[PDB]
Each structure stands twice: as C-alpha cells, then as structure tokens.
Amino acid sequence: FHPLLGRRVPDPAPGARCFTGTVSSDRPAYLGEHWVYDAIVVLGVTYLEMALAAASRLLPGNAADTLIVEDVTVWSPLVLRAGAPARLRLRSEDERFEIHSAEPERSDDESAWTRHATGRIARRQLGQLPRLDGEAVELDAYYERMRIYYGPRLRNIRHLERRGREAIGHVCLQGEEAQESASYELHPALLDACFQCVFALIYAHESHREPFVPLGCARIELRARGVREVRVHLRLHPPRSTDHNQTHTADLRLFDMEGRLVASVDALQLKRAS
C-alpha cells in the first residue's frame, strides 16, 4: 500500500515489526532513472522515505505530528538489474529500523538479505527562508553534465541561487511524480532534487566524476505530508580542501511556497563513490 514499504506483515516475533514488498527499476519508475558507473543504483532518499513512512504507520501520535528519522547510515548500495524485481524489507524493534533487499527466489533464506540502510524513527507533537540575493546557478549545464547519473524524472530544480556555501533552490514536481502526492510522505524525487542543489554547489568547484553519494544523515524531520513544491535553503559545511574533497556535509531546510517549514535535514553526509 506504500509504493516502497509494501505491506505490513504479521509481527515475525513479539515486539518485532516488519514491512515487505517488491520493487523494480520500472516501479516506482524513478528507481530506474539513477545510475552510477552504468549500474542502476537505488537513490538513498528511498530509504529516508521508507523510514518516514514506517514512522507514520508504526508510531503513535496525531496525524499532524512530525515524523523523525535519526542516525541514518547507508551500508551497501542497492543495485537493480533493469526490470528484475527485488524484495524490499523494513524491520523495526523499539525505535530502530533496518532496510534489506533480497532476490525474490532467495527471500526466505535469512542470509540472502543485504543490509542497505539503518537508523531510528520517532514522532513528536508539532527559522525562515533567507533573502540570499544569490548568483543564479545555470541549471541546464548542470543537468546535461549529470545526465549520465540522472534521467528526466529527476531534474526537478527550477531555480537555484548561491552565495558562499549557501543556496536557495526552488524545486517542483511535474508529470507522473506530481500526481503521486498521496503515495509518499515526502516524494523521493522532491527530496533528491533538494540534495541535487547541494551537488550543484559542490560541482561548481570540483569534478562530478566519482560522484558524491549520501552515506548518512543525522536527522530528518517532516512536518507536512504530500508536498509537491518547496523552496529549499542549504548550507555546506566548510570543506577540508579547496581543490578536491572525498566528503561533504550539508544542512537543509525545506519550506512551502508560503514560507512555512516543511522539513529539515541535519548533517547530510556525502562521500564520493569508489
């Protein structure tokens, strides 16, 4: 019933919760539109959405309470072969979750599951967009350079301006992805677009070969569900090198078009893929 979580199955053991489903590069379609080294690689934002969705369904609270994911680590990428289904599983005990995948033919052998992401979930009962006066980032040149990594469903930044290591971007879903607001807590395409604003700032100064990949996130909090359009403020932490870096860290704040805070991301940790 969630496009990535699948369905909740009976608790495998007392106090242990579990969701399982099947995905492929064709469904959700955006899972087939991100590549690294010519392999289809599931975007890390997929795991953040699964965790937010699990928080909403497992943890108590008013519907309007904020959804929280903390201490996220991405352990192993999920590589899809075009059109071949993969079993996905999110398991939870207490506040901690794990996301694994398996070949459907081997999904009953517990040792056939590869761990992709882990963290903690929480729920809590319920800053402004700066006037940056930035320099416009030319997005067409960015998209054309990044098209070896990203397909046309994942080019959702409309405007981006920078000043120092900060930027404000306007991201808006379109096409099928804008029609799916009822399906996700925060559409992976929208959050990926916000993270790509960080990429656009980085790649002004260093190469997009061996591209940066999200490996961790200290905290993400979501205050409104089903958002299709935001302005995002991002701040890159001071880099270790002015030439070429293996890692970056960024904080982000997402606002609706009225300036109300929709989501906040603390210490997104990026590392170049080997």
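From 1 onward, residues are counted along the sequence shown.
Engineer: Look at the stretch from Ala204 to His205 and count the residues of the deposited sequence that the entry does not model, then pick none, 1 to 3, 4 to 9, or 10 or more.
Structural biologist: Nothing is missing.
Engineer: Can you tell me which stretch has the higher mean Cα B-factor, 245-253 or 60-68?
Structural biologist: 60-68 has the higher mean C-alpha B-factor.
Engineer: For the C-alpha atoms alone, is the average B factor greater in 106-114 or in 148-156, going by the entry?
Structural biologist: Mean B over CA atoms: larger for 106-114.
Engineer: Have a look at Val265, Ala16, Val23, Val262 and flag the one whose Cα has the highest B-factor in the entry.
Structural biologist: Going by the entry's C-alpha B-factors, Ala16 comes out highest.
Engineer: For the C-alpha B-factor as written in the entry, point me to the maximum among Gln196, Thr73, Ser181, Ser92.
Structural biologist: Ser181 has the highest C-alpha B-factor of those listed.
Engineer: Sorting the chain's modelled residues by C-alpha B-factor, tell me whether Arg81 ends up in the lowest, middle or highest third.
Structural biologist: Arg81: CA B-factor falls in the lowest third of its chain.
Engineer: Among the chain's modelled residues, which third holds the C-alpha B-factor of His2?
Structural biologist: For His2, the deposited C-alpha B-factor lands in the highest third.
Engineer: Sorting the chain's modelled residues by C-alpha B-factor, tell me whether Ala141 ends up in the lowest, middle or highest third.
Structural biologist: CA B-factor rank for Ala141: middle third.
Engineer: Within this chain's modelled residues, let me know which third the CA B factor of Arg228 belongs to: lowest, middle or highest.
Structural biologist: Its C-alpha B-factor, which the entry lists for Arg228, ranks in the middle third among residues of this chain.
Engineer: What third of the chain does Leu129 rank in for C-alpha temperature factor, lowest, middle or highest?
Structural biologist: CA B-factor rank for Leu129: highest third.
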